[PDB]
Enquirer: 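Mind having a look at this structure? Questions to follow.
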Amino acid sequence: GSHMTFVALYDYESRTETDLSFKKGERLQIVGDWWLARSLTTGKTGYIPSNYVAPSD
Ligand SMILES: COC[C@H]1O[C@@H]2O[C@H]3[C@H](O)[C@@H](OC)[C@@H](O[C@H]4[C@H](O)[C@@H](O)[C@@H](O[C@H]5[C@H](O)[C@@H](O)[C@@H](O[C@H]6[C@H](OC)[C@@H](O)[C@@H](O[C@H]7[C@H](OC)[C@@H](OC)[C@@H](O[C@H]8[C@H](O)[C@@H](OC)[C@@H](O[C@H]1[C@H](O)[C@H]2OC)O[C@@H]8CO)O[C@@H]7CO)O[C@@H]6CO)O[C@@H]5CO)O[C@@H]4CO)O[C@@H]3CO
Ligand code: NI
């Protein structure tokens with residue numbers, strides 16, 4: 001109901017073909033430890049480390 005939107009607590013740089021870079025404060029919508037997410041800044045989709053993000057509006 002709102003547990004699928006998150007905000008980045010730390011910067012993250014992509015390592016592979018499937019992960020998603022993001023900056024601290026960037027909001028992510030979620031589509032385990034790695035979550036498929038869409039950046040609400042760039043609209044790009046990829047996997048993010050779930051411990052790098054926290055619930056957000
Ligand atoms: C230019 O104005 C036209 C547009 O204006 C209004 O849109 C606003 C929008 O409401 C507003 O949102 C709050 C903001 O948008 C931001 C997005 O919300 C945010 O997610 C991000 O956007 C991302 C996307 O998520 C990514 O997908 C990507 O987009 C690029 C596309 O990659 C998939 C790429 O293909 C290319 O898009 C083309 C598009 O092809 C898919 C093509 O479609 C025909 C054409 O788009 C038309 C569109 O059809 C038409 O729709 C009615 C209209 O759109 C207006 C919205 O309706 C209006 O809403 C209020 O005109 C478009 C332009 O002619 O052209 C596209 C551009 O080439 O390029 C995409 C851009 O790279 O990356 C983006 C950016 O990160 O950021 C958005 C803001 O940058 O702003 C919008 C206006 O800029
Ligand atoms: Ni929810």
Side-chain angles (χ1 to χ4, degrees), residues 1-12 14-22 24-57:
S2 53
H3 65 311
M4 297 288 274
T5 309
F6 292 79
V7 62
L9 299 171
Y10 327 102
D11 295 338
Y12 177 66
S14 163
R15 259 74 180 166
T16 74
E17 290 181 353
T18 65
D19 57 353
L20 173 62
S21 302
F22 49 85
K24 185 177 181 176
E26 183 161 342
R27 298 183 313 116
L28 298 144
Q29 187 70 19
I30 310 307
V31 191
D33 298 326
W34 287 83
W35 292 350
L36 186 66
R38 175 176 59 263
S39 167
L40 301 175
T41 289
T42 67
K44 183 178 170 182
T45 300
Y47 289 96
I48 62 169
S50 64
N51 54 314
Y52 274 51
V53 303
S56 174
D57 293 354

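FYI, the numbering just counts along the sequence from 1. In each ligand, atom 1 is the first atom listed, and ligand 1 is the first ligand listed. Just so it is clear, the values below take in all heavy atoms, side chains as well, and ignore hydrogens, waters and symmetry mates.
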Enquirer: Heavy atom of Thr41 under 4.0 Å from ligand 1?
Expert: yes
Enquirer: Please report the closest heavy-atom contact between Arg38 and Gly43, naming both atoms and the distance.
Expert: CG-O, 3.7 Å
Enquirer: Just to confirm, does any protein heavy atom lie below 4.0 Å from atom 63 (C) of ligand 1?
Expert: no
Enquirer: To which protein heavy atom is atom 25 (O) of ligand 1 closest, and what is the distance rounded to 0.1 Å?
Expert: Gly43 CA, 3.4 Å
Enquirer: Is atom 69 (O) of ligand 1 touching the protein, meaning some protein heavy atom lies under 4.0 Å away?
Expert: no
Enquirer: Do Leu9 and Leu40 land in one hydrophobic cluster if side-chain heavy atoms of ILVMFWY residues count as linked below 4.5 Å?
Expert: no
Enquirer: Can you find a protein heavy atom closer to atom 73 (O) of ligand 1 than 4.0 Å?
Expert: yes
Enquirer: Less than 4.0 Å from atom 14 (C) of ligand 1, is there any heavy atom belonging to the protein?
Expert: no
Enquirer: Any N/O/S of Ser2 under 2.8 Å from the Ni ion (ligand 2)?
Expert: yes
Enquirer: Looking at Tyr47, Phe6, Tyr10, which one forms a ring pair (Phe, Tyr, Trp, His ring centres under 6.0 Å) with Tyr52?
Expert: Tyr10
Enquirer: Under 4.0 Å from atom 80 (O) of ligand 1, do we find at least one protein heavy atom?
Expert: no
Enquirer: Would you indicate whether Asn51, at its atom CG, is surrounded by more than 12 heavy atoms from other residues, nucleotides or ligands within a distance under 6.0 Å?
Expert: yes
Enquirer: With the side chain counted from C-beta on, respond yes when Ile48 and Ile30 share a heavy-atom pair under 4.5 Å apart, and no when they do not.
Expert: yes
Enquirer: Indicate yes or no for a side-chain donor-acceptor contact from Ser50 to the backbone of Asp33 under 3.5 Å, with no hydrogens or angles considered.
Expert: yes
Enquirer: If you apply the rule side-chain contact (heavy atoms from CB on, under 4.5 Å), what do you find for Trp34 with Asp19, and how did you get there?
Expert: CA-CA 9 Å; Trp34 287 83; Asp19 57 353; 4.1 Å; yes
Enquirer: Identify the protein heavy atom lying closest to atom 22 (O) of ligand 1, giving its residue, its atom name and the separation to 0.1 Å.
Expert: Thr42 O, 4.5 Å
